[PDB]
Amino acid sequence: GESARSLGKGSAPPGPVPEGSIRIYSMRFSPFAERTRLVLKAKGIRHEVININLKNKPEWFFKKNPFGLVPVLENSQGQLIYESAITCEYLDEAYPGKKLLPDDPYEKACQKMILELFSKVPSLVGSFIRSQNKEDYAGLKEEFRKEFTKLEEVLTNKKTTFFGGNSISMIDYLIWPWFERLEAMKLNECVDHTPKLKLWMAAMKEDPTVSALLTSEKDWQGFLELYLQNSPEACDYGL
């Protein structure tokens, strides 16, 4: 269980990825890295995980990703892939299993346009995590409700269970991690004028891949308190 402890400044650079496996450089509480892990699980891809201490990074990690961000994929050929959506698309294409993106070009384009509709939400969550008082909170509630009604409208026309059809697909996994953290951020009442989006969240929680990877509110809250202080122990909260 302590096998999951993060590597930080001073850690030895890791050795090569074994043939037959792919490696993800991750952090247990990162919603960006969660995207990639949901895909690895959904597709049944054998993999290893190296967690990175984002508040005390190893210098060698910048050789994996010059941006110094998680997630990063590394394969046995030594190829390196970064940016969460890029890593997810690469896995869908490079591995067998349930295809998570549509083959049809228009339907694929639709999933990417829905990701665009969503793309303000990660930056807002970033802002929210920093909110100081009830006035700031009232305002961020309105900002989230505007973004959520964009997403509600997609579901309203499609009349489908999920954003790509009646079966969960790539787009759902790409947006899920921010919704998972919404309870914990006290932002559930932003989805109260968006009834189909609320039902979508209930459906997501029933998905075997989502349920396997869900972090408890108490664990995310422990992480967050330490992260907001730039604690070098945040990323290993619980361990």
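Numbers for residues come from their place in the sequence shown, where the first is 1.
Undergrad: Determine, for stretches 165 to 173 and 97 to 105, which one has the higher mean CA B-factor as deposited.
TA: The stretch with the larger average C-alpha B-factor is 97 to 105.
Undergrad: Comparing 48 to 56 with 188 to 196, which stretch shows the greater average C-alpha B-factor in the deposited entry?
TA: Looking at the recorded C-alpha B-factors, 188 to 196 comes out higher on average.
Undergrad: From the list 125, 91, 73, 114, select the residue with the highest C-alpha B factor recorded in the entry.
TA: Answer for 125, 91, 73, 114: 125, with the highest C-alpha B-factor.
Undergrad: Could you check 81, 140, 110, 85 and tell me which one carries the biggest Cα B-factor in the deposited entry?
TA: Going by the entry's C-alpha B-factors, 140 comes out highest.
Undergrad: Mind checking which third residue 206 falls in for C-alpha B-factor across the chain?
TA: According to the entry, residue 206 has a C-alpha B-factor in the chain's middle third.
Undergrad: Based on the entry's values, in what third of the chain does the Cα temperature factor of residue 224 lie: lowest, middle or highest?
TA: As the PDB entry reports it, the C-alpha B-factor of residue 224 lands in the middle third of its chain.
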